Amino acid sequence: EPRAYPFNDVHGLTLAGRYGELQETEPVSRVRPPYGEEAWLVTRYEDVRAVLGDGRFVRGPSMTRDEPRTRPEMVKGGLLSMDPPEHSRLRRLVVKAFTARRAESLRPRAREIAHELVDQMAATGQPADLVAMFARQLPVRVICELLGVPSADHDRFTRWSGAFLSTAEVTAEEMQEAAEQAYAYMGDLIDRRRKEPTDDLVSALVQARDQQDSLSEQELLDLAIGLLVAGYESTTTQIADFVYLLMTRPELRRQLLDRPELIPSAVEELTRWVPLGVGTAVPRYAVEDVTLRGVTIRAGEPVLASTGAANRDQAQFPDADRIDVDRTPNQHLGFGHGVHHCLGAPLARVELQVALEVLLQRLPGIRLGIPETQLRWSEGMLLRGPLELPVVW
């Protein structure tokens, strides 16, 4: 009797038709996921937004419950699993050091990195795999620059962080040693920035103060690693998805070639339109009985709030299925909302603006080097994107 969920087919970026049907007829409904408990699905923009910004919906039970999810393991911990007030303290300290200014300051280095990755693609010659060569490379190198990892070490961060990808084919024993080595490096680097501060993020976290608090050694170390993981896969996938769309939606490519000044606005409109997630935001749990648009969610029931479906909700975005690079307003939920709203978002926007800008500067004739019927899509089951994008230009 609950619907089998996810609805989205991972082999592509198409929004499941069942969402539009639910948004009209059963905006809060019962779903059964591949693993974990039955849950409530929330689909409309107002409701998704209410849920994510209502402190009555918490994340803390995720530490002990059998969470609704697509994969048999549970991934627990980090900032996304924490509730106010301990969440709030870490976040206040991180957003103090990790500011929009600091994001903006990395644009010139992000462009240099993107151009170097295109040079390497030019050198290997066509067709070249935009996924392996650019999308999987840029986000992790940019995050290494943000944190302050010396560039001599960026190659091997890339290799370690690759073990933490939901698409990775690694043994659990290889992934564990990748994690031990990553942590050991970062703990060492935090210790070097303590004794001798630089202008990088690790130094600024070591010395951030709020009221009278500061991050502890372990907090620093978890938060640095977390930012790397949080920052990598989601950015890589969304680059791969945006290029894929530029290659398959010709009116969109033409527009941004004609008017590159529309790129920042195009990044917001694609973040809105691409239903990136296979399913929803990580489950929230009702702290007490709450009524949501006539349906009572009892205390402790999990809620799956779809930002995907929300961002395509006709009541909020007129002609919601149209990509309109000049759409205003565009208050989308693609970076979340409320206390857990993406703290990487100013940087992710810079990376996505730079990726588009540079790719269209360098490879304006870019297109798929294979038929779409032969694209391989990711079956990681967390985000939707291509495994390889062979391109010609």
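Numbers follow the displayed sequence, beginning with 1.
Student: On mean Cα temperature factor in this entry, is 215-223 or 179-187 the higher one?
Tutor: Higher mean C-alpha B-factor: 215-223.
Student: Please compare 291-299 with 78-86 and say which has the higher mean C-alpha temperature factor in the record.
Tutor: Higher mean C-alpha B-factor in the PDB entry: 291-299.
Student: Name the residue from 280, 255, 311, 120 with the greatest C-alpha temperature factor listed in the entry.
Tutor: Max CA B-factor in the entry, restricted to 280, 255, 311, 120: 255.
Student: For the listed residues 320, 201, 140, 110, which one has the largest C-alpha B-factor as given in the deposited model?
Tutor: The listed residue with the largest C-alpha B-factor is 320.
Student: Compare the C-alpha B factor of residue 65 with those of the other modelled residues in its chain, then answer lowest, middle or highest third.
Tutor: CA B-factor rank for residue 65: highest third.
Student: Lowest, middle or highest third: where is residue 329 by C-alpha B factor in its chain?
Tutor: It belongs to the highest third of the chain when residues are ordered by C-alpha B-factor.
Student: Relative to the other modelled residues in the chain, which third contains the C-alpha temperature factor of residue 164: lowest, middle or highest?
Tutor: Answer is middle: the recorded C-alpha B-factor places it there.
Student: How does the C-alpha B factor of residue 264 compare with the rest of the chain: lowest, middle or highest third?
Tutor: CA B-factor rank for residue 264: middle third.
Student: Determine, from the deposited record, the chain-internal third of the Cα B-factor for residue 378: lowest, middle or highest.
Tutor: Its C-alpha B-factor belongs to the middle third of this chain's values.
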